[PDB]
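Undergrad: Generate a structure from the sequence data that follows.
(chains A, B, C, D, E, F, G, H, I and J)
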Number of protein chains: 6
Amino acid sequence: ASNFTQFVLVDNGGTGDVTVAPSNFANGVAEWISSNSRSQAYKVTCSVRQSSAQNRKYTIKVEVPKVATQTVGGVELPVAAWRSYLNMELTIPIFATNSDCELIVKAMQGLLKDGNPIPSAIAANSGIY
Amino acid sequence: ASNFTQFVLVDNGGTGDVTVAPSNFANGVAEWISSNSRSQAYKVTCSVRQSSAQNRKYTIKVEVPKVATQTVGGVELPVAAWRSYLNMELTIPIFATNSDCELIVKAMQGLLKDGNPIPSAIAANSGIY
Amino acid sequence: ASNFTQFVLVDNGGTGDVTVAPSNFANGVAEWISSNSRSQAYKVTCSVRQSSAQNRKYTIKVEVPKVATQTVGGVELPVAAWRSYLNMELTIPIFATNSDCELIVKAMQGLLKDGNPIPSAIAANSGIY
Amino acid sequence: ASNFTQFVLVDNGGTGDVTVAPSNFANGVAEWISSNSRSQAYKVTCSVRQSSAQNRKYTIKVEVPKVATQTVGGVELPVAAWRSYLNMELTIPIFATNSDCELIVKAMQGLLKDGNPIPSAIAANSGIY
Amino acid sequence: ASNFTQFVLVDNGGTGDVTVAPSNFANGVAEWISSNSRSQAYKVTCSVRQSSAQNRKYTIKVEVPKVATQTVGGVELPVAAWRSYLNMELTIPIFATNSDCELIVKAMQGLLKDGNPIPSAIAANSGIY
Amino acid sequence: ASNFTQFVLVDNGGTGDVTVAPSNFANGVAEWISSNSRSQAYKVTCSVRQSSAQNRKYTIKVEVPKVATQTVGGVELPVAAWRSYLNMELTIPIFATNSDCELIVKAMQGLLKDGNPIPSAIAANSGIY
RNA sequence: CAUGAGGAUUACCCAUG
RNA sequence: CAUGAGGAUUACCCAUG
RNA sequence: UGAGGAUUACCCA
RNA sequence: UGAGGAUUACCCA
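TA: Residues are numbered from 1 along each chain as shown, chains lettered A, B, ... in the order given. Right below this line is the structure:
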């Protein structure tokens, strides 16, 4: 059994899909990277820790790159014009059961479901109105 | 037009669904709360700001309560045994187009899709392995 | 293959069986827990290290909880009345072959087999005499 | 109800079985050894004590000889190259009943049952993967 | 796309082939060993990390046992007289694409191809002349 | 004989093959380079030393360049965008016979053979999982 | 000299012993 | 690192070498 | 802790 | 900035 596996980060039907694969798991921090130039790759990291006596805390990070070609002195390198950074921390008391956790996950999926306020604002370069 | 509307945070088919409704939008911070006792309610907040010259930054927060009844001196009040806290920050350069933003959103939805590493770890009170 | 799989820790003839599953591998420590709130779960951890130039040491830990419901601040929480702890360290010389290691495993199984001295004493809350 | 008797430590089904018998009882520490020289013997020791006000603690030690290429009755140096050491400590809260203790024994048996992760890894000179 | 599987390390054409299989995955470092005692085994380990801002680095280690006059399963001292150690470090700039990386692998294969200088010198206990 | 000969480092079926030739042996370091300007050449170096009283250590280095044309001071020069570095050290005990050494060579060849774990990961810009 | 899943401008440098 | 029939709130702490 | 900033497992109050 | 903690739009380095 293992969940430190490869998975689809961005789904575009079946083609153009962005897949991220395991790359490193040093110091309790799991890392996934997409293939090809590390410089233009998507990155995902995850870790859990006992934040306090009663809490466990997940720290998740995602990096979405803007693929571009850099030319300098006639030398061109595959780079990322810029990157979008996602940073999330999830705190869960040790009294939470698997049921409570599944609920927390549905809340996160619901928060980002298509058509809902927040994902809509973000996708349109907007805020709330 | 308005996206500061009511929406389903937790989806349980059609029954038991947790709906969050607008409640306040003071100081550029939008807030949604579920119905009934504010003490046992789900909470969602969102805001955007120009974090720097080139970046805009979204700050989103979600609160999942563990509904319980508190009895003290024979007096019982509707409370939350504890709460799970979600805290996410999304940074997006001003060069991002609506297309770039839609991609960023799919990355977030993919990260949390059922069966993928992270949501699976969380739902099972686990880490990566 | 991959030996990091779930298994039955406490066998009660398929009914009320305490089964434990892979939950974390951060920092080279393999962890297994039962489907419970992290506060009431059975926990098993394992790690191997090359303790010396010519030795390998396995460190195994098992946590057996006495589940209970506690009323804190006039509120009920799933918790553990107390926990029992098993800490075992096994040092094997690098010269031991697979058959030598199989011999060690059999010794540990025979040691704890029903009816034998030690498990008998433990279960009866007594010493050896 | 004297339980300080000999038993089969390594079971090979009648043939090639290793029996271990009472050999010492100095200081309440019970000892069993196989019929070998003490340098090549199978040794088992066990004792119980009130570790603290809240706990009792069983200390179980096992010594297993490396058998491959072993010269029966010979002088094999260095000692650390020919022996494996098992060190078990079981902490049990004073509130544990015989029933509670029986379950703790089952947990130990389950941990080491044939085909499960830990014993499988040990028998294959492996770790968890 | 899990690539952590067993493979043939030493190929003698079906007969006398040395297979190496997954034996550990602690700390992201993958390990494979042959079916021997760890003192006489063939060991292979591999890990990747972002050595710096500009580079990624693969660390590959191999341990090969001295076989001539070897006593299978025996205790052979000193350890340094019976084992060879291979230590490989591969530094790859983040701009390298999969194509670039495929070429780097071909270079490594060419370096060690049968009949070429380096492998010929090593196999003959020689240097370059 | 004399093993200091040229050889094919990168094989592309006799067309676009990177062949490397003897270029220097100063200071006991055998060097090979490809037909290029010293700034864009593939480089291979090898040296053997009696690292200890009872050991011999081979130190091998390979440099794979990413050729490019750079405009410096408004002038075009053949150069390397970046370089990939392979550094390997092999320690062999003086007791290893020629057949023992042949075994080491085969292990290194099997390690990098197409389809096996490591070369697969490297070529796909990923780790082992 | 030794050890480092230490670094690089790559036959050099760093830390520890 | 090692040793403890050393302790625990249990991947931590203590003593000795 | 922070609708604190990032060259993003770093850094400031 | 922080795999920094929360009574969670607060607070610490």
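
Undergrad: What is the neighbour count of the residue lying closest to residue A:124 once chain neighbours are set aside?
TA: Residue nearest to residue A:124 in three dimensions, not counting chain neighbours: residue B:98, with 6.2 Å by CB to CB, 6 or more residues apart in numbering or on different chains. For the C-beta atoms, the positions are set from N, CA and C on the backbone; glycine is no exception. Residue neighbour count, defined by other CB atoms under 10 Å in any protein chain shown, stands at 11 for residue B:98.

Undergrad: Is residue B:98 in contact with residue A:126, as I believe?
TA: No - using CB atoms under 8 Å as the test, residue B:98 is too far from residue A:126 to be in contact (9.7 Å).

Undergrad: Please list all residues in contact with the residue nearest to residue A:124.
TA: The neighbours of residue B:98, taking CB atoms under 8 Å, 6 or more residues apart in numbering or on different chains as the test, are A:123-125.

Undergrad: what do you get for residue A:95?
TA: A:54, B:66, B:81-82, C:37-39, C:77-79.

Undergrad: And residue A:68, by the same measure?
TA: Contacts of residue A:68 (CB under 8 Å, 6+ apart): A:79-81.

Undergrad: ok now do the closest residue to chain D within chain A, which residues does it touch?
TA: Proximity to chain D, evaluated over chain A using CB to the nearest CB, is greatest for residue A:2 at 9.0 Å. Remark: with contacts taken as CB under 8 Å, 6+ apart, residue A:2 is in contact with B:129, C:2, C:4, C:22, F:129.

Undergrad: and the residues you listed, which are buried?
TA: B:129, C:4, C:22, F:129 (16 or more other CB atoms under 10 Å in any protein chain shown).

Undergrad: Can you tell me which of the residues you listed is nearest chain E?
TA: When the buried ones among the contacts of residue A:2 are compared against chain E (criterion: CB to the nearest CB), the nearest one is residue F:129, at 5.7 Å.

Undergrad: Spit out the contact partners of the residue lying closest to the closest one once chain neighbours are set aside.
TA: Distance criterion CB to CB, 6+ apart; nearest residue to residue F:129, sequence neighbours excluded, is residue A:22 at 3.7 Å. Going by CB under 8 Å, 6+ apart, residue A:22 touches A:4-6, A:30-32, F:126-129.

Undergrad: And residue A:93, by the same measure?
TA: So residue A:93 contacts A:54-55, B:66, B:82-84 (CB under 8 Å, 6+ apart).

Undergrad: Swap in 10 Å and give it another go.
TA: A:52, A:54-56, A:100, B:66, B:81-85, C:37-39, C:77 (CB atoms under 10 Å, 6 or more residues apart in numbering or on different chains).

Undergrad: circling back: which among the contacts of residue A:22 gets closest to residue D:70?
TA: residue F:128 (37.3 Å; CB to CB).

Undergrad: Using CSV, write out the CA atom coordinates for the lengthiest helix in chain A.
TA: Secondary structure of chain A per DSSP state H: the longest helix is helix A:98-111. Provided in CSV are the C-alpha atoms of helix A:98-111 (Å, rounded to 0.1, in the frame of the first residue of the first chain):
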residue,chain,number,x,y,z
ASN,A,98,-12.5,9.3,9.9
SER,A,99,-16.1,10.4,9.4
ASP,A,100,-15.2,13.9,10.6
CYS,A,101,-12.3,14.0,8.3
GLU,A,102,-14.3,12.9,5.3
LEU,A,103,-16.6,15.8,6.0
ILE,A,104,-13.7,18.3,6.2
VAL,A,105,-12.6,17.0,2.8
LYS,A,106,-16.0,17.4,1.2
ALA,A,107,-16.0,21.0,2.5
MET,A,108,-12.8,21.7,0.7
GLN,A,109,-14.0,20.1,-2.5
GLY,A,110,-17.3,22.0,-2.3
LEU,A,111,-15.4,25.3,-1.6
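
Undergrad: Just want the angle from that helix to helix B:98-111.
TA: Helix A:98-111 and helix B:98-111 are oriented at 170 degrees to each other (axes from the mean of the first three to the mean of the last three CA atoms, to 10 degrees).

Undergrad: Check the offset of helix A:98-111 from the chain's centre.
TA: Relative to its parent chain, helix A:98-111 has a centroid offset of 17 Å by CA atoms, centre = their mean, to the nearest Å.

Undergrad: if you look at it, does any of it touch RNA strand I?
TA: No - with CB under 7 Å from any atom of the strand as the criterion, RNA strand I is not reached by helix A:98-111; the gap is at least 12.8 Å.

Undergrad: That helix vs RNA strand J: in contact?
TA: No - under the criterion of CB under 7 Å from any atom of the strand, helix A:98-111 makes no contact with RNA strand J; the nearest approach is 11.8 Å.

Undergrad: and what of stretch A:33-46?
TA: Yes - Stretch A:33-46 lies within reach of RNA strand J by CB under 7 Å from any atom of the strand, at A:45-46.

Undergrad: distance between the ends of that stretch?
TA: End-to-end distance for stretch A:33-46, by CA to CA, to the nearest Å: 12 Å.

Undergrad: Quick one: residues contacting residue A:97.
TA: Remark: with contacts taken as CB under 10 Å, 6+ apart, residue A:97 is in contact with A:103, B:66, B:125, C:35-41, C:78.

Undergrad: wait, what's in contact with residue A:53?
TA: residue A:94.

Undergrad: ok, now which ones touch residue A:14?
TA: By CB under 10 Å, 6+ apart, the contact list for residue A:14 reads residue A:8.

Undergrad: Columns secondary structure and distance to residue E:112 on top of the buried ones among the contacts of residue A:2, output as a markdown table?
TA: A markdown table is the format used below for the buried ones among the contacts of residue A:2 (DSSP: H, G, I helix; E, B strand; the rest coil; distance: CB to CB, whole Å):
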| residue | secondary structure | distance to residue E:112 |
| --- | --- | --- |
| B:129 | coil | 35 |
| C:4 | coil | 33 |
| C:22 | strand | 38 |
| F:129 | coil | 25 |
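
Undergrad: And the furthest pair within these?
TA: Maximum distance among these (CB to CB): 14.8 Å, for C:22 and F:129.

Undergrad: Could you report the separation of the residue nearest to residue A:66 when sequence neighbours are not counted from chain F?
TA: Excluding the flanking residues, the one nearest residue A:66 by CB to CB, 6+ apart is residue A:81, at 4.2 Å. Noted for residue A:81: a distance of 19 Å to chain F, by CB to the nearest CB, to the nearest Å.
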